[PDB]
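Notes for the one structure printed next.
Heavy-atom basis, side chains included; hydrogens, waters and symmetry copies ignored. Note that ligands are numbered from 1 as they come in the structure, with each ligand's atoms numbered from 1 the same way. Chain letters run A, B, ... following the sequence lines, proteins first and then strands; every chain starts at 1.
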Amino acid sequence: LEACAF
Amino acid sequence: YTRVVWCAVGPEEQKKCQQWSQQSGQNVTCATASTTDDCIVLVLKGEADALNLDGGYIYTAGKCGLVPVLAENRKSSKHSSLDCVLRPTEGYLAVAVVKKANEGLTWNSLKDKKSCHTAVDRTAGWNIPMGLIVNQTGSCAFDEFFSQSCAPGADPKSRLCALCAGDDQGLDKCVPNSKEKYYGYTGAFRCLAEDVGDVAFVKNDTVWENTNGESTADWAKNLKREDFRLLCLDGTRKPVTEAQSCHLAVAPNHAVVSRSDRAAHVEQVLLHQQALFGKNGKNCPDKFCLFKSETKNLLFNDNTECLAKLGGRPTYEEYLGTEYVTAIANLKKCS
Ligand SMILES: *[C@@H]1O[C@H](CO)[C@@H](O[C@@H]2O[C@H](CO)[C@@H](O[C@@H]3O[C@H](CO)[C@@H](O)[C@H](O)[C@@H]3O)[C@H](O)[C@H]2NC(C)=O)[C@H](O)[C@H]1NC(C)=O
Ligand SMILES: *[C@@H]1O[C@H](CO)[C@@H](O[C@@H]2O[C@H](CO)[C@@H](O)[C@H](O)[C@H]2NC(C)=O)[C@H](O)[C@H]1NC(C)=O
Ligand SMILES: O=C(c1ccccc1)c1ccc2n1CC[C@H]2C(=O)O
Ligand SMILES: *[C@@H]1O[C@H](CO)[C@@H](O)[C@H](O)[C@H]1NC(C)=O
Ligand SMILES: [Fe+3]
Ligand SMILES: [Zn+2]
Ligand SMILES: [Zn+2]
């Protein structure tokens, strides 16, 4: 999926 | 009004950053973290402004909203009249390097061999060869492909860290910073030079800069280019003079990223800092050279001639290029 890893 | 806070990854970078800070009269100051991801988080918090990143890390940073500001530009050939700061970047060649004496190792016999990688998540060291290997094997179990590896940033008890050596005390095994003996381009190449690994995933420039007396470091000073071969994707092996026809990918140059709201100030300060400390800089070599660190590529690659302006105010996807971004995305589906 498409989000920031933190 | 305002100082730029650089993020240094590990203590060797922190030391170089501290010399830069002193010489710049605190126009630049330093935060430090143990890994590049932790630096990316310091910037997202606003506790640091910027750092220079491999393309794989630009992907992580860009998914989190950070933007490219200036790119490394190394010595060219064409575009000759153009000033380094205005010349378009050319990419570097990711390659797989082996010893010539390890005869009959090819791209198609890498399974179960020992590999050396710059770190997990970096372009030439990881995203390109592991992306190609997952694709070719039709399997996400890339952690079971090589019998042992050094891939800094992987689980230290796993076989992807089994060849990593840690620091001069033997601590910090596999940490993804320059205190790990086999970290980065020069660490991974050293891992092959010493025959800890059978293959190193690095870039073309690494092999050149650490052979034939181009490096005076103990481990490199006696290496000869002719003792190494590149692995081509068609299964052939070539001399390291042939990287233009025997590479895995062309990578986007390392680049500086920042929060979008500080990108213009970061850019201005960096252009002025490189006029002082850069390749022909007013105070390099007398006082401080921003693009030297005795081959250890600290903060920037030692081969950087300047940080260059980007054309088209690119987004991170535009800067990495659509194809690379899609390859990263595909490989990250495995984990
Ligand atoms: C590993 O395999 C995957 C699956 O094939 C590769 O992903 C694929 O990348 C290609 C080329 O970038 C994409 O192709 C198309 O390019 C045209 C235009 O130039 C564009 O119009 C299309 O939208 C499309 O992107 C393809 O879509 C993409 N496929 C998937 C499933 O995402 C990947 O590049 C391979 N990894 C490596 C390291 O080679
Ligand atoms: C592989 O990398 C090496 C090292 O950067 C490149 O060789 C350098 O290229 C520049 C410009 O062509 C020369 O002026 C330097 O003196 C070379 N350095 C050394 C140590 O030899 C080589 O061109 C690269 N190969 C490819 C195909 O890009
Ligand atoms: O996409 C490429 C490529 C070049 C040759 C062969 C295959 C791919 C590229 C090279 C250099 C660069 N790209 C994308 C933008 C740029 C950079 O530094 O960001
Ligand atoms: C510090 O920054 C200010 C404002 O740009 C400038 O006047 C001064 O020259 C800078 N000095 C150094 C040493 O980087
Ligand atoms: Fe890189
Ligand atoms: Zn190519
Ligand atoms: Zn654009």
Side-chain angles (χ1 to χ4, degrees), chain A residues 2, chain B residues 9 36 52-61 71-80 84 87 89-97 107 117-140 142 152-153 176 183-189 200-216 220 223-226 228 230 232-233 238-255 279 295 297 300-305 317 319-334:
Chain A
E2 301 76 48
Chain B
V9 181
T36 298
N52 182 59
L53 289 178
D54 168 73
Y57 291 144
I58 291 174
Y59 178 96
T60 294
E72 288 183 0
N73 224 357
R74 61 188 183 282
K75 192 205 188 202
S76 187
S77 322
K78 300 177 173 190
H79 310 87
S80 295
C84 184
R87 160 169 25 105
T89 58
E90 291 185 300
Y92 52 95
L93 296 179
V95 287
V97 192
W107 179 259
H117 306 260
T118 58
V120 178
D121 282 350
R122 286 185 59 159
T123 300
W126 186 262
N127 281 349
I128 292 299
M130 300 304 236
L132 291 167
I133 285 170
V134 159
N135 275 7
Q136 294 180 14
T137 60
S139 172
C140 281
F142 58 70
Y183 176 78
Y185 295 117
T186 56
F189 185 61
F201 297 111
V202 298
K203 63 182 170 174
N204 159 66
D205 312 83
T206 305
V207 178
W208 293 75
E209 292 168 7
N210 294 283
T211 48
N212 290 36
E214 286 300 305
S215 172
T216 64
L223 306 177
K224 301 301 313 189
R225 259 164 232 156
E226 234 301 296
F228 295 83
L230 305 176
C232 319
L233 287 167
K238 300 199 191 331
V240 307
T241 45
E242 309 303 303
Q244 209 166 184
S245 70
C246 183
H247 54 266
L248 308 184
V250 178
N253 283 342
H254 294 195
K279 162 98 191 283
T295 82
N297 298 322
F300 303 92
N301 290 305
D302 288 10
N303 70 354
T304 297
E305 177 189 359
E317 292 176 281
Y319 176 75
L320 295 181
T322 294
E323 279 194 7
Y324 186 41
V325 166
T326 301
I328 296 164
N330 273 294
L331 169 65
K332 267 173 178 27
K333 296 183 201 161
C334 293

Q. Which ligand 1 atoms does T326(B) reach within 4.0 Å, using its non-hydrogen atoms?
A.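 Numbered from 1, ligand 1 contributes 28 (C), 32 (O).
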Q. Which atoms from ligand 1 have a heavy atom of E323(B) less than 4.0 Å away?
A.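 What qualifies from ligand 1 is 12 (O).
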Does [Y] offer a backbone N or O that forms a donor-acceptor pair with the side chain of [X] under 3.5 Å?
X	Y	value
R225(B)	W208(B)	yes
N73(B)	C84(B)	yes
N301(B)	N297(B)	no
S80(B)	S77(B)	yes

Quick one: nearest non-hydrogen protein atom to [atom], plus distance?
atom	value
atom 12 (O) of ligand 2	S77(B) OG, 3.8 Å
atom 34 (O) of ligand 1	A327(B) CB, 4.0 Å
atom 15 (C) of ligand 2	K75(B) CD, 4.6 Å
atom 5 (O) of ligand 2	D205(B) OD2, 2.8 Å
atom 19 (C) of ligand 2	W208(B) CE3, 4.1 Å

(Q) By the definition side-chain contact (heavy atoms from CB on, under 4.5 Å), identify the one residue from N303(B), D205(B), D54(B) that meets it with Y185(B). (A)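 When side-chain contact (heavy atoms from CB on, under 4.5 Å) is applied between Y185(B) and each of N303(B), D205(B), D54(B), only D54(B) qualifies.
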Q: Run the numbers for me: atoms of ligand 2, each under 4.0 Å from some heavy atom of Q244(B), listed by number.
A: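 Reading through ligand 2 atom by atom, the close ones are 27 (C).
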Q: Under 4.0 Å from a heavy atom of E214(B): give me the atoms of ligand 2 that qualify, with their elements.
A: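 Per the distance check, 20 (C).
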Indicate yes or no: does an N/O atom of [X] lie under 3.5 Å from an N/O atom of ligand 2?
X	result
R225(B)	no
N204(B)	yes
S76(B)	no

(Q) Can you see whether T295(B) engages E209(B) through a side-chain donor-acceptor pair at a distance of less than 3.5 angstrom? (A)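 No donor-acceptor contact under 3.5 Å links the two side chains.
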Q) With a 4.5 Å heavy-atom cut-off, do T36(B) and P176(B) have their side chains touching? A)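 With C-beta onward as the side chain, the pair stays apart.
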Q.
Any heavy-atom pair between the side chains of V95(B) and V202(B) that's under 4.5 Å?
A.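 A side-chain contact under 4.5 Å exists here.
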Q.
My question is simple, although I want it checked carefully: is atom 9 (O) of ligand 2 less than 4.0 angstrom from any protein heavy atom?
A.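 No.
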Q) Do any non-hydrogen protein atoms sit less than 4.0 Å from atom 26 (C) of ligand 2? A)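 It does; a protein heavy atom is within 4.0 Å.
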Q.
Using a plain distance cutoff, I'd like to know if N135(B) has any nitrogen or oxygen under 3.5 Å from a nitrogen or oxygen of ligand 1.
A.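 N135(B) vs ligand 1: N/O contact under 3.5 Å present.
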(Q) Just to be sure I'm reading this right: ignoring hydrogens, which of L331(B), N330(B), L233(B), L132(B) gets closest to atom 30 (C) of ligand 1? Compare them by their nearest heavy atoms. (A)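 Comparing heavy atoms across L331(B), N330(B), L233(B), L132(B), the nearest one to atom 30 (C) of ligand 1 lies in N330(B).
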Q | side-chain hydrogen bond (donor to acceptor under 3.5 Å, both in side chains) partner of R74(B), the single match among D302(B), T304(B), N253(B) | A |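 Checked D302(B), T304(B), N253(B) against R74(B); only one passes side-chain hydrogen bond (donor to acceptor under 3.5 Å, both in side chains): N253(B).
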Q. About how large, to 10 degrees, is the angle OH of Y185(B), then the Fe ion (ligand 5), then OH of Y92(B)?
A.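 That angle works out to 100° after rounding to 10°.
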**Q.** Angle at the Fe ion (ligand 5) (to 10°), with one arm to NE2 of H254(B) and the other to OD1 of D54(B)
**A.**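 OD1 of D54(B), the Fe ion (ligand 5) and NE2 of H254(B) span an angle of about 90°.
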Q) Quick one: is the NZ or CZ of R122(B) closer than 6.0 Å to the six-membered ring centre of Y183(B), and within 45° of its axis? A)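 The answer is yes; both the distance and angle limits are met.
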Q: Heavy-atom distances under 4.0 Å are what count here, so tell me which part of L93(B) touches ligand 2: side chain, backbone, both or neither.
A: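 Only the side chain of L93(B) comes within reach of ligand 2.
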